[PDB]
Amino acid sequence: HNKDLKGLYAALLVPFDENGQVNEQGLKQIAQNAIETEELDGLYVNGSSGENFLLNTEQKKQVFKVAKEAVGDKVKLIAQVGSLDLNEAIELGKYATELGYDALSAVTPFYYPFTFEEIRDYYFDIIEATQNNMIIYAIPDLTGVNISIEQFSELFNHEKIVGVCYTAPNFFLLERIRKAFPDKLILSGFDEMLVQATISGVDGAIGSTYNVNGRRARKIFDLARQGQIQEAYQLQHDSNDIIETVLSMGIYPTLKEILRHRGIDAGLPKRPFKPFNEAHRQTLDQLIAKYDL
């Protein structure tokens, strides 16, 4: 049953106004873009890419509400509810669950040097008070937390921890996890290594660049699994041009600018993130023309 949530997901980006308030109308357009135009399977809501950790609780609910209203019932929805405030995490978990989100996910607790048992019981406490399926959100590069195979075994021993959004750049640890946990869901989080993740047996992927590059991403995934490896990899080359450029210019503002070119009310990033820098505008215009973004 744990493979229900397989597929490609947009890590939903969020447009803000000048005071860091959610632009609800552009958000509806970003959600719709990712399903109708980028033809993806679902939305990963209030993750790192949605600037989620800059938000207050009310804004997070506001994003959850608008994202679900914006899509049809066939669209898969994962609610990222992890927070350093466990009371908040539970509140948001109950909220997203009552709305009908298919699964929750939660960042590994960060900032403080939490012990593994403290990290473990954080997942267990959210599960118990929300009774929803849970996906571990592992982004070592943001959290400084690393999860070993032994720790994954303890976590995966809970029947409601159904899988992981996996972001460690380690394809040895990825393969071991894949072999050790054949029935759990693994969605990879490194857009720039989608093809390698695909051939390592991932069940899908969650990505910020799929908001603008979701159709090449689906081909990478499909071609690689049909053993069209050369063709899959050439698409990874193209995708990585996109990813590398968008990374050099500031990822979330730049992605939202590509969506603006599509006529989306892409608003602004939430301070302390700065708005897209115009010194980049022409290189970005070149990229958009080159890859038809």
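Start at 1 with the first residue shown and count on from there.
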Quiz prompt | Stretch with the greater mean C-alpha B-factor as recorded in the entry, comparing 278 to 286 against 6 to 14 | solution = 278 to 286
Practice problem: Would you mind comparing 107 to 115 and 125 to 133 for me and telling me which has the higher average C-alpha temperature factor in the entry? | Solution: 125 to 133
Quiz prompt | Selection by C-alpha B-factor (highest) of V81, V71, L185, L173 | solution = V71
Quiz prompt | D141, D85, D203, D191, ranked by C-alpha B-factor: the highest one | solution = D141
Self-check item: Chain thirds of CA B-factor: placement of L92
Solution: middle
Quiz prompt | Ranked against its chain, the third holding the CA B-factor of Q230 | solution = highest
Practice problem: Place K179 in the lowest, middle or highest third of its chain's C-alpha B-factors, as listed in the PDB entry. | Solution: lowest
Quiz item: For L40, does the deposited CA B-factor place it in the lowest, middle or highest third of the chain?
Solution: highest
Exercise. Please rank the C-alpha B-factors of the chain's modelled residues and tell me whether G47 sits in the lowest, middle or highest third.
Key: lowest
